[PDB]
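Reproduced below: run_26.csv, with CSV, C-alpha atoms and all ligand atoms.
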chain,number,residue,atom,x,y,z
C,1,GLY,CA,0.0,0.0,0.0
C,2,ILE,CA,0.9,3.7,0.1
C,3,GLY,CA,3.7,4.3,2.5
C,4,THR,CA,3.0,5.9,5.8
C,5,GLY,CA,6.5,6.3,7.2
C,6,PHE,CA,8.9,9.3,7.1
C,7,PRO,CA,12.3,7.7,7.2
C,8,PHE,CA,14.2,10.9,6.3
C,9,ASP,CA,17.2,12.1,8.4
C,10,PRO,CA,16.5,15.6,9.7
C,11,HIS,CA,18.4,18.5,8.4
C,12,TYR,CA,18.2,22.1,9.6
C,13,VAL,CA,19.4,25.5,8.6
C,14,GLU,CA,19.3,28.9,10.3
C,15,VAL,CA,17.0,31.2,8.3
C,16,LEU,CA,16.3,34.8,9.4
C,17,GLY,CA,17.1,33.8,13.0
C,18,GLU,CA,14.7,30.8,12.8
C,19,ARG,CA,15.6,27.1,12.3
C,20,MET,CA,14.0,25.4,9.3
C,21,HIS,CA,13.9,21.6,8.8
C,22,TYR,CA,14.3,20.0,5.4
C,23,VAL,CA,14.7,16.6,3.7
C,24,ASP,CA,18.0,16.3,1.8
C,25,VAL,CA,18.6,13.0,-0.1
C,26,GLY,CA,20.0,11.9,-3.4
C,27,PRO,CA,23.4,12.3,-5.1
C,28,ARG,CA,25.3,15.4,-4.0
C,29,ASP,CA,26.1,16.3,-7.6
C,30,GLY,CA,23.8,17.5,-10.4
C,31,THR,CA,20.9,19.9,-10.5
C,32,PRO,CA,18.8,19.7,-7.2
C,33,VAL,CA,15.1,19.1,-7.2
C,34,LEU,CA,13.2,21.3,-4.8
C,35,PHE,CA,9.9,20.1,-3.4
C,36,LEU,CA,7.5,22.7,-2.0
C,37,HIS,CA,4.4,21.7,0.0
C,38,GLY,CA,1.4,23.8,1.0
C,39,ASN,CA,-1.6,23.9,3.3
C,40,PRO,CA,-1.8,22.0,5.7
C,41,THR,CA,1.1,19.7,5.1
C,42,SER,CA,4.9,19.4,5.3
C,43,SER,CA,7.6,17.5,3.5
C,44,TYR,CA,5.5,14.5,4.7
C,45,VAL,CA,3.3,15.0,1.6
C,46,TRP,CA,6.3,14.2,-0.5
C,47,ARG,CA,7.4,11.0,1.3
C,48,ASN,CA,6.2,8.6,-1.4
C,49,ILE,CA,7.3,10.7,-4.4
C,50,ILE,CA,10.8,11.6,-3.4
C,51,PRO,CA,11.9,7.9,-3.5
C,52,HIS,CA,11.3,7.9,-7.2
C,53,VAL,CA,13.7,10.8,-7.8
C,54,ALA,CA,16.3,10.3,-5.1
C,55,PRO,CA,18.2,7.5,-7.0
C,56,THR,CA,19.5,10.0,-9.6
C,57,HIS,CA,18.8,13.6,-8.4
C,58,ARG,CA,19.3,15.5,-5.2
C,59,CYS,CA,15.9,16.1,-3.4
C,60,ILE,CA,15.4,19.0,-1.1
C,61,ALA,CA,12.0,19.2,0.7
C,62,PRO,CA,11.7,22.0,3.3
C,63,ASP,CA,9.0,22.5,5.9
C,64,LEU,CA,7.5,26.0,5.4
C,65,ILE,CA,8.2,28.3,8.4
C,66,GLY,CA,5.7,27.5,11.1
C,67,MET,CA,4.9,24.0,9.8
C,68,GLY,CA,6.4,20.5,9.8
C,69,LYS,CA,9.5,20.4,11.9
C,70,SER,CA,10.5,24.0,11.3
C,71,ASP,CA,10.4,26.6,14.0
C,72,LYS,CA,7.1,28.3,14.8
C,73,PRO,CA,7.6,32.0,15.7
C,74,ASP,CA,4.8,34.4,16.5
C,75,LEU,CA,4.0,35.7,13.0
C,76,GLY,CA,0.9,36.4,11.0
C,77,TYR,CA,2.2,33.8,8.5
C,78,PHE,CA,1.1,35.9,5.5
C,79,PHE,CA,2.2,34.8,2.1
C,80,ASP,CA,4.9,37.6,2.3
C,81,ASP,CA,6.3,35.9,5.4
C,82,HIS,CA,6.7,32.6,3.5
C,83,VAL,CA,8.3,34.5,0.6
C,84,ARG,CA,10.9,36.1,2.9
C,85,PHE,CA,11.6,32.8,4.6
C,86,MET,CA,11.7,30.7,1.4
C,87,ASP,CA,14.0,33.2,-0.4
C,88,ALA,CA,16.5,33.1,2.5
C,89,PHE,CA,16.2,29.3,2.8
C,90,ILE,CA,17.2,28.9,-0.9
C,91,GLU,CA,20.2,31.2,-0.5
C,92,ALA,CA,21.2,29.6,2.8
C,93,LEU,CA,21.5,26.3,0.9
C,94,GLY,CA,23.7,27.8,-1.8
C,95,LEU,CA,21.3,26.5,-4.5
C,96,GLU,CA,22.2,27.9,-8.0
C,97,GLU,CA,20.1,26.2,-10.7
C,98,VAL,CA,17.1,24.2,-9.6
C,99,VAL,CA,14.1,22.2,-10.8
C,100,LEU,CA,10.8,22.9,-8.9
C,101,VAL,CA,8.2,20.4,-7.8
C,102,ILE,CA,5.4,22.4,-6.2
C,103,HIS,CA,1.9,22.0,-4.8
C,104,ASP,CA,-0.8,24.2,-3.2
C,105,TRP,CA,0.8,27.3,-1.4
C,106,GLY,CA,4.2,25.8,-2.3
C,107,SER,CA,3.3,26.4,-5.9
C,108,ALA,CA,2.6,30.1,-5.1
C,109,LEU,CA,6.0,30.3,-3.5
C,110,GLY,CA,7.6,28.3,-6.4
C,111,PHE,CA,5.9,30.3,-9.2
C,112,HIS,CA,6.5,33.6,-7.5
C,113,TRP,CA,10.2,32.7,-7.0
C,114,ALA,CA,10.7,31.4,-10.6
C,115,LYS,CA,9.2,34.6,-12.0
C,116,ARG,CA,11.8,36.7,-10.1
C,117,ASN,CA,14.7,34.3,-11.0
C,118,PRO,CA,13.8,32.6,-14.3
C,119,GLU,CA,17.5,32.0,-15.0
C,120,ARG,CA,17.7,29.5,-12.1
C,121,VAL,CA,14.7,27.3,-12.8
C,122,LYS,CA,15.2,24.5,-15.3
C,123,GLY,CA,11.7,23.0,-14.9
C,124,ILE,CA,8.5,23.1,-12.9
C,125,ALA,CA,6.3,20.1,-12.1
C,126,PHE,CA,3.1,21.5,-10.5
C,127,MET,CA,-0.2,20.2,-9.3
C,128,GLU,CA,-3.3,21.6,-7.7
C,129,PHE,CA,-1.6,25.0,-7.7
C,130,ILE,CA,-2.8,28.5,-6.9
C,131,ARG,CA,-4.4,30.5,-9.6
C,132,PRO,CA,-6.8,33.5,-9.6
C,133,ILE,CA,-10.3,32.0,-9.1
C,134,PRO,CA,-12.7,34.7,-10.4
C,135,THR,CA,-15.9,33.6,-8.7
C,136,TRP,CA,-16.9,31.4,-5.8
C,137,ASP,CA,-19.0,29.4,-8.3
C,138,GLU,CA,-15.6,28.0,-9.4
C,139,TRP,CA,-14.9,26.6,-5.9
C,140,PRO,CA,-16.4,23.1,-5.4
C,141,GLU,CA,-20.0,23.2,-4.2
C,142,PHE,CA,-19.2,20.8,-1.3
C,143,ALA,CA,-16.6,23.1,0.2
C,144,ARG,CA,-18.0,26.6,-0.5
C,145,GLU,CA,-19.8,27.5,2.7
C,146,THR,CA,-17.0,26.2,4.9
C,147,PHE,CA,-14.2,28.0,3.1
C,148,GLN,CA,-16.3,31.2,3.2
C,149,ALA,CA,-16.6,30.8,6.9
C,150,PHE,CA,-12.8,30.2,7.0
C,151,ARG,CA,-12.3,33.6,5.6
C,152,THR,CA,-13.6,35.4,8.7
C,153,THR,CA,-11.9,36.3,12.0
C,154,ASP,CA,-14.6,34.9,14.3
C,155,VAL,CA,-16.1,31.7,12.8
C,156,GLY,CA,-13.0,30.9,10.7
C,157,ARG,CA,-10.6,31.1,13.7
C,158,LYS,CA,-12.9,29.2,15.9
C,159,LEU,CA,-13.1,26.4,13.4
C,160,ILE,CA,-9.5,26.2,12.3
C,161,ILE,CA,-7.5,27.4,15.3
C,162,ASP,CA,-9.6,26.4,18.3
C,163,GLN,CA,-11.3,23.3,16.9
C,164,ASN,CA,-8.5,22.2,14.4
C,165,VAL,CA,-11.1,21.6,11.7
C,166,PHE,CA,-8.6,22.1,8.9
C,167,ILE,CA,-6.5,19.2,10.1
C,168,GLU,CA,-9.3,16.9,11.3
C,169,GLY,CA,-11.7,17.5,8.4
C,170,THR,CA,-10.5,19.6,5.6
C,171,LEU,CA,-7.3,17.6,5.1
C,172,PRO,CA,-9.2,14.2,4.8
C,173,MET,CA,-11.8,15.9,2.6
C,174,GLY,CA,-8.9,16.9,0.2
C,175,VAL,CA,-8.0,13.2,-0.4
C,176,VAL,CA,-10.1,10.7,-2.3
C,177,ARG,CA,-8.9,7.6,-0.6
C,178,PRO,CA,-9.0,7.3,3.2
C,179,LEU,CA,-6.0,8.4,5.3
C,180,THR,CA,-4.8,6.0,8.0
C,181,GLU,CA,-4.5,6.8,11.7
C,182,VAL,CA,-0.7,6.9,11.2
C,183,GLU,CA,-1.0,9.4,8.4
C,184,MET,CA,-3.4,11.6,10.3
C,185,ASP,CA,-1.1,11.5,13.3
C,186,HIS,CA,1.8,12.7,11.1
C,187,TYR,CA,-0.2,15.7,9.8
C,188,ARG,CA,-1.5,16.4,13.3
C,189,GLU,CA,2.0,16.4,14.8
C,190,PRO,CA,3.1,20.0,14.1
C,191,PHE,CA,-0.2,21.5,15.3
C,192,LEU,CA,-1.1,19.8,18.6
C,193,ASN,CA,-0.8,23.2,20.3
C,194,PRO,CA,-3.8,25.4,19.1
C,195,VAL,CA,-1.7,28.6,19.0
C,196,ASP,CA,0.6,27.0,16.4
C,197,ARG,CA,-2.3,26.9,13.9
C,198,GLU,CA,-2.1,30.5,12.5
C,199,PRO,CA,-0.8,29.3,9.1
C,200,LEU,CA,-3.7,27.0,8.7
C,201,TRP,CA,-6.1,30.0,8.9
C,202,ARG,CA,-4.0,32.7,7.1
C,203,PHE,CA,-3.5,30.5,4.0
C,204,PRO,CA,-7.2,30.1,3.1
C,205,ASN,CA,-7.5,33.8,3.9
C,206,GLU,CA,-4.8,34.5,1.3
C,207,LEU,CA,-6.5,32.5,-1.4
C,208,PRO,CA,-7.2,34.7,-4.4
C,209,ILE,CA,-10.9,34.2,-4.8
C,210,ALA,CA,-13.4,36.7,-6.2
C,211,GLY,CA,-10.9,39.6,-6.3
C,212,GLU,CA,-9.8,39.3,-2.7
C,213,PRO,CA,-7.3,39.8,-1.3
C,214,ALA,CA,-6.4,42.3,-4.1
C,215,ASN,CA,-2.6,42.1,-3.5
C,216,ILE,CA,-2.4,38.3,-3.7
C,217,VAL,CA,-4.6,38.4,-6.7
C,218,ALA,CA,-2.2,40.8,-8.3
C,219,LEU,CA,0.9,38.8,-7.4
C,220,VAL,CA,-0.6,35.5,-8.7
C,221,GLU,CA,-1.8,37.1,-11.9
C,222,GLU,CA,1.8,38.2,-12.4
C,223,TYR,CA,3.3,34.7,-12.3
C,224,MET,CA,0.4,33.3,-14.3
C,225,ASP,CA,1.1,35.8,-17.0
C,226,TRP,CA,4.8,34.8,-16.9
C,227,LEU,CA,3.8,31.1,-17.1
C,228,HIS,CA,1.7,31.7,-20.2
C,229,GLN,CA,4.8,33.0,-22.1
C,230,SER,CA,7.9,31.5,-20.5
C,231,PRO,CA,9.4,28.5,-22.3
C,232,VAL,CA,10.3,26.8,-19.1
C,233,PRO,CA,9.5,23.0,-19.1
C,234,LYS,CA,6.2,22.4,-17.5
C,235,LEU,CA,4.6,19.2,-16.0
C,236,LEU,CA,1.0,19.5,-14.9
C,237,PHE,CA,-0.6,16.8,-12.7
C,238,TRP,CA,-4.4,16.9,-12.4
C,239,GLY,CA,-7.2,14.7,-11.2
C,240,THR,CA,-11.0,14.4,-11.0
C,241,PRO,CA,-12.7,16.4,-9.6
C,242,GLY,CA,-9.8,18.3,-8.1
C,243,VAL,CA,-10.2,21.5,-6.0
C,244,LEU,CA,-8.0,24.3,-7.2
C,245,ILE,CA,-7.6,22.9,-10.7
C,246,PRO,CA,-10.8,21.4,-12.0
C,247,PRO,CA,-10.4,19.1,-15.1
C,248,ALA,CA,-11.8,21.7,-17.4
C,249,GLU,CA,-9.1,24.2,-16.2
C,250,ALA,CA,-6.3,21.7,-16.6
C,251,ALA,CA,-7.2,21.0,-20.2
C,252,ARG,CA,-7.0,24.7,-21.1
C,253,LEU,CA,-3.7,25.0,-19.2
C,254,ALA,CA,-2.4,22.0,-21.2
C,255,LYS,CA,-3.3,23.7,-24.5
C,256,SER,CA,-2.2,27.3,-23.5
C,257,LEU,CA,0.9,26.9,-21.3
C,258,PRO,CA,4.1,26.6,-23.5
C,259,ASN,CA,6.2,23.6,-23.2
C,260,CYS,CA,3.6,21.9,-21.0
C,261,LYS,CA,2.9,18.2,-20.5
C,262,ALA,CA,-0.3,17.2,-18.6
C,263,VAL,CA,-0.8,13.9,-16.8
C,264,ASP,CA,-4.2,12.6,-15.5
C,265,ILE,CA,-3.5,11.0,-12.2
C,266,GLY,CA,-7.0,9.6,-11.9
C,267,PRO,CA,-9.4,10.4,-9.0
C,268,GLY,CA,-8.1,13.2,-6.9
C,269,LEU,CA,-9.0,16.3,-4.8
C,270,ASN,CA,-6.2,18.6,-3.5
C,271,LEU,CA,-3.5,16.3,-2.1
C,272,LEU,CA,-2.9,14.5,-5.4
C,273,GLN,CA,0.3,13.0,-3.8
C,274,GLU,CA,-1.9,10.9,-1.5
C,275,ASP,CA,-4.1,9.4,-4.2
C,276,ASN,CA,-1.5,8.4,-6.8
C,277,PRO,CA,2.1,8.8,-5.5
C,278,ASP,CA,3.5,6.1,-7.8
C,279,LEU,CA,2.4,7.8,-11.0
C,280,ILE,CA,3.4,11.3,-9.9
C,281,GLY,CA,6.9,10.3,-8.8
C,282,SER,CA,7.6,7.9,-11.7
C,283,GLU,CA,6.4,10.5,-14.2
C,284,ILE,CA,8.6,13.2,-12.6
C,285,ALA,CA,11.6,11.0,-12.9
C,286,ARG,CA,10.9,10.3,-16.5
C,287,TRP,CA,10.3,14.0,-17.3
C,288,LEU,CA,13.5,14.9,-15.4
C,289,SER,CA,15.6,12.8,-17.8
C,290,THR,CA,14.4,14.9,-20.7
C,291,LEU,CA,15.7,18.2,-19.2
C,292,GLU,CA,19.1,19.8,-19.8
C,293,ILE,CA,20.2,19.5,-16.2
W,1,LIG,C1,-12.6,12.4,9.0
W,1,LIG,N1,-13.5,13.1,8.1
W,1,LIG,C2,-13.6,12.6,6.8
W,1,LIG,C3,-14.1,14.3,8.5
W,1,LIG,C4,-14.8,15.1,7.6
W,1,LIG,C5,-15.4,16.3,7.9
W,1,LIG,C6,-15.2,16.8,9.2
W,1,LIG,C7,-15.7,18.1,9.7
W,1,LIG,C8,-16.3,19.0,8.7
W,1,LIG,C9,-15.4,19.5,7.7
W,1,LIG,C10,-15.8,20.5,6.8
W,1,LIG,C11,-14.8,21.0,5.8
W,1,LIG,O1,-13.6,20.9,6.1
W,1,LIG,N2,-15.3,21.4,4.7
W,1,LIG,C12,-14.3,21.9,3.6
W,1,LIG,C13,-13.6,20.8,2.9
W,1,LIG,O2,-12.6,21.3,2.1
W,1,LIG,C14,-12.5,20.6,0.9
W,1,LIG,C15,-11.6,21.4,-0.1
W,1,LIG,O3,-10.3,21.0,0.0
W,1,LIG,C16,-9.4,22.0,0.5
W,1,LIG,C17,-8.0,21.4,0.4
W,1,LIG,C18,-6.9,22.4,0.9
W,1,LIG,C19,-6.5,23.4,-0.1
W,1,LIG,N3,-5.4,24.3,0.3
W,1,LIG,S1,-5.6,25.7,0.9
W,1,LIG,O4,-6.5,25.7,2.0
W,1,LIG,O5,-4.4,26.4,1.1
W,1,LIG,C20,-6.5,26.7,-0.3
W,1,LIG,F1,-7.7,26.2,-0.5
W,1,LIG,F2,-5.8,26.6,-1.5
W,1,LIG,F3,-6.6,27.9,0.0
W,1,LIG,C21,-17.1,20.9,6.8
W,1,LIG,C22,-18.0,20.4,7.7
W,1,LIG,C23,-17.6,19.4,8.6
W,1,LIG,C24,-18.7,18.9,9.6
W,1,LIG,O6,-18.5,17.8,10.2
W,1,LIG,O7,-19.8,19.4,9.5
W,1,LIG,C25,-15.6,18.5,11.0
W,1,LIG,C26,-16.1,19.6,11.5
W,1,LIG,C27,-15.9,20.0,12.9
W,1,LIG,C28,-15.1,19.1,13.7
W,1,LIG,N4,-15.0,19.5,15.0
W,1,LIG,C29,-15.6,20.7,15.6
W,1,LIG,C30,-13.9,18.9,15.8
W,1,LIG,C31,-14.6,18.0,13.2
W,1,LIG,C32,-14.8,17.6,11.9
W,1,LIG,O8,-14.3,16.4,11.5
W,1,LIG,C33,-14.5,16.0,10.1
W,1,LIG,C34,-13.9,14.8,9.8
What would you get if you wrote out this structure as structure tokens?
Ligand SMILES: CN(C)c1ccc2c(-c3cc(C(=O)NCCOCCOCCCCNS(=O)(=O)C(F)(F)F)ccc3C(=O)O)c3ccc(=[N+](C)C)cc-3oc2c1
Amino acid sequence: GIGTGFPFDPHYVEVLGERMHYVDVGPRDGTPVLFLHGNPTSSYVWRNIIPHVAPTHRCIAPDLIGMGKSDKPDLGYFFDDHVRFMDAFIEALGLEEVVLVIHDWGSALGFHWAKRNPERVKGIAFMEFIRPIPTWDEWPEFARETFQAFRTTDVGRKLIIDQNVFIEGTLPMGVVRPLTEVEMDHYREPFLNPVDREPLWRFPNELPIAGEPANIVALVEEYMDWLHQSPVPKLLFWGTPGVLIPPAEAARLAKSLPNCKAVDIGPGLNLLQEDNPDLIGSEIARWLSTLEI
């Protein structure tokens, strides 16, 4: 079955006075492959995809500041915090040229970074990424009312911060197949203390839906406009029915994004990695071998 363990030796690096944990496996030489997770996960969401790439390429999977095994300072955990921390992390590791493998809010970080440093990105494999959703009618019907309540400071915080609803409910509801008690416990681990759950609430409140918030909408429209023109090699993973990328959206992205290969992973919601890790990791390795890296 799908692996439930996290057998990776811990690595840490001082970043802006804060310690950040990351996975680092694979051959020391060659172009590194940087794995970026999102809400509400960690490098744990990559545990079954990294082993397909580690035999031949260096694999770096950090835990975003405030999540996973990284330090958890008292911050708002706005997207701009994660941008400052991820920019410094990359420079603290001395990474020159990289290939990106990104998902959810890690895709926002990855796309925003690649647009500012397109000389250092040899390829992007992305899935269930962040794009400007123009209307709430584009969000799945089964999750509208809840995510609307999430984007308030009274009901949203009570649900997500006090009652841990994003871990206990929203995370299972983003995977088609059922998560095991071991897997739930891994995702629960960085957030047993309710105060440490700020990022779980700030991320859905940063989601560019229906024109708000205007600044995130503007930033994401910028890297979407770069994506539509840049020749950078592109690998899109999508599934049915999806959440952020519905199948109809993926088909247009496959026809409009230059240098783009799309791959139907089957049934899927948001955490595609948990529904078909074997196809995603095996397809990333195959695609990697076609890059000038
Ligand atoms: C185990 N088991 C299947 C469930 C299922 C549901 C629940 C629910 C539950 C959850 C929801 C709920 O989460 N709805 C919304 C689902 O969301 C699907 C969309 O995917 C988002 C993927 C993430 C995308 N990333 S991101 O955020 O950066 C973004 F989007 F990009 F910005 C709604 C109602 C209920 C309910 O019981 O009325 C619980 C509610 C309360 C609770 N108590 C107070 C402890 C425990 C709950 O326990 C549950 C357990």
Choose the residue, out of C:137, C:63, C:71, C:283, that has the smallest atom-to-atom separation from residue C:18; count all atoms listed in the file.
C:71
May I have the protein, DNA and RNA residues with an atom at most 8 Å from (6.1, 14.2, -15.7), counting all atoms listed in the file in the file's coordinates, returned as a PyMOL selection string?
chain C and resi 125+235-237+261-263+280-288
Give me, as JSON lines, the closest atom pair and its distance (Å, one decimal) for every residue of stretch 120-188 of chain C within a cut-off of 12 Å of stretch 273-278 of chain C, counting all atoms listed in the file, rows sorted by chain and rising number.
{"residue": "C:126", "atom": "CA", "partner": "C:273", "partner_atom": "CA", "distance": 11.2}
{"residue": "C:127", "atom": "CA", "partner": "C:273", "partner_atom": "CA", "distance": 9.1}
{"residue": "C:128", "atom": "CA", "partner": "C:273", "partner_atom": "CA", "distance": 10.1}
{"residue": "C:171", "atom": "CA", "partner": "C:274", "partner_atom": "CA", "distance": 10.8}
{"residue": "C:172", "atom": "CA", "partner": "C:274", "partner_atom": "CA", "distance": 10.2}
{"residue": "C:173", "atom": "CA", "partner": "C:274", "partner_atom": "CA", "distance": 11.8}
{"residue": "C:174", "atom": "CA", "partner": "C:274", "partner_atom": "CA", "distance": 9.4}
{"residue": "C:175", "atom": "CA", "partner": "C:274", "partner_atom": "CA", "distance": 6.6}
{"residue": "C:176", "atom": "CA", "partner": "C:275", "partner_atom": "CA", "distance": 6.4}
{"residue": "C:177", "atom": "CA", "partner": "C:275", "partner_atom": "CA", "distance": 6.3}
{"residue": "C:178", "atom": "CA", "partner": "C:275", "partner_atom": "CA", "distance": 9.1}
{"residue": "C:179", "atom": "CA", "partner": "C:274", "partner_atom": "CA", "distance": 8.3}
{"residue": "C:180", "atom": "CA", "partner": "C:274", "partner_atom": "CA", "distance": 11.1}
{"residue": "C:183", "atom": "CA", "partner": "C:274", "partner_atom": "CA", "distance": 10.1}
{"residue": "C:184", "atom": "CA", "partner": "C:274", "partner_atom": "CA", "distance": 11.9}
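Between atom CA of residue C:268 and atom CA of residue C:238 lies a distance of 7.6 Å.
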Could you list, as a ChimeraX atom specification, all protein and nucleic acid residues with an atom at most 6 Å from ligand LIG 1 (chain W), counting all atoms listed in the file?
/C:39,104-105,143,146,163,165-166,168-170,172-174,203-204,207,270
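Atom CA of residue C:14 is found 22.9 Å from atom CA of residue C:29.
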Nearest to residue C:98 among C:38, C:7, C:123, C:211, with distances taken over all atoms listed in the file: which residue is it?
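Residue with the minimum atom-to-atom distance to residue C:98: C:123.
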To one decimal place in Å, what is the distance between atom CA of residue C:19 and atom CA of residue C:205?
25.5 Å
